[PDB]
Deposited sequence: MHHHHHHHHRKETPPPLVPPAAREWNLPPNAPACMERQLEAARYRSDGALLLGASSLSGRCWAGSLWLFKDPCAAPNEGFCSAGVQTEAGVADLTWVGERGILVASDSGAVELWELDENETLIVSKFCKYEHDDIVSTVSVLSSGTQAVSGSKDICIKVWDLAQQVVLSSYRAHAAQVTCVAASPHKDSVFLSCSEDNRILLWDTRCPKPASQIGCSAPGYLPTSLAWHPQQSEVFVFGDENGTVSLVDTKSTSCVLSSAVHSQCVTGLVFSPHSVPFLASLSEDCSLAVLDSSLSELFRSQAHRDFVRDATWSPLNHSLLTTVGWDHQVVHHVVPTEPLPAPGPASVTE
């Protein structure tokens, strides 16, 4: 019946239906859930949803895997693949593999779409094969909790990672030594690749700074007052950067990281943001106040 207070993830698929992940971070029962909304404006209301399911444990992160695949990062230590049935009403579990030793915090699908990478509090990073349902490779590069992992959009063997050990690692699994350390400082908290420019990404730190980085070779702005939790570029040709935080604020930003929009409608931590593929000025956010806010960005 009821959807859990703390909304963690929110992502639009190609057609414009909205995926919502959530968990109970208090009360008697600490479990998670997955929810599809074919009317986005209807979220978060449980009665007016297309599909829904209960997971046994919480939901730290998730992502889409194509059009009907939902890859989930749980507290249990398992990476889960849920799929929709042939008419998109039920959400069935394909696999649930307990391979990390602590809360699986972050997850991201690689360019191919047949593999994905996960990061956990156990400090380990693992590359998954989604067909064979097994871990191909396991890397203990970091010296502290894996905060965020972000797949390279176009290069299937590349990805970023960041951690509480202060490292940002630019991966490339074609090397015998894949990880590579990147400088500019406070701990990295969020990661986002630039969609057009293959050589560029941005990172947000725990102090509320967002900074622009080229892989070869550095502008930066103090955007938020607290930790930058998530970073999602818009689907425009010249894309805007949406930045989240634990200050319960949202800012959309331009190329040079100057401030265009500001939203303080959120009363608790802003956990995810996701741009509508149909209407590029429309941006959707979620948070622990249970709000699903839809902003009109002045583009």
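- Annotation: deposited residues 1-32, 217-219, 253-255, 338-350 are not represented by C-alpha coordinates in the model.
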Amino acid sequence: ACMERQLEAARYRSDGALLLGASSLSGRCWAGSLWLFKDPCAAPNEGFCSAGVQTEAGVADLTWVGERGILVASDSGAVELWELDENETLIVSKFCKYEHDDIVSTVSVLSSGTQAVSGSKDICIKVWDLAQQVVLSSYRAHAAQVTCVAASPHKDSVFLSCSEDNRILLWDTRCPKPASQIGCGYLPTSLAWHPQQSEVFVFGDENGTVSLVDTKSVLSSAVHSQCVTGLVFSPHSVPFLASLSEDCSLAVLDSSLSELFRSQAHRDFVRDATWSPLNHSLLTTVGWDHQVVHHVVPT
From here on, numbers count along this sequence of modelled residues.
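Here, rigid core means the biggest group of C-alpha atoms that superpose within 1.5 Å across both forms.
- Between 175-183 and 160-168, greater CA displacement relative to the shown form is found for 175-183 when the structures in 6 other deposited structures of this protein are fitted on the core.
- For the pair 156-164 and 174-182, the record assigns the higher mean C-alpha temperature factor to 174-182.
- A summary of the deposited B-factors shows that, of 70-78 and 218-226, the stretch with the larger mean C-alpha value is 218-226.
- For the set 136, 187, 91, 125, the maximum C-alpha B-factor listed in the entry falls on 136.
- Split the chain's modelled residues into thirds by C-alpha temperature factor. Residue 145 is in the lowest one.
- The PDB entry assigns residue 278 a C-alpha temperature factor belonging to the lowest third of its chain's modelled residues.
- When the modelled residues of the chain are ordered by C-alpha B-factor, residue 210 sits in the lowest third.
- When all modelled residues of the chain are sorted by CA temperature factor, residue 36 is found within the highest third.
- Per-chain ranking of the deposited C-alpha B factor places residue 292 in the lowest third.
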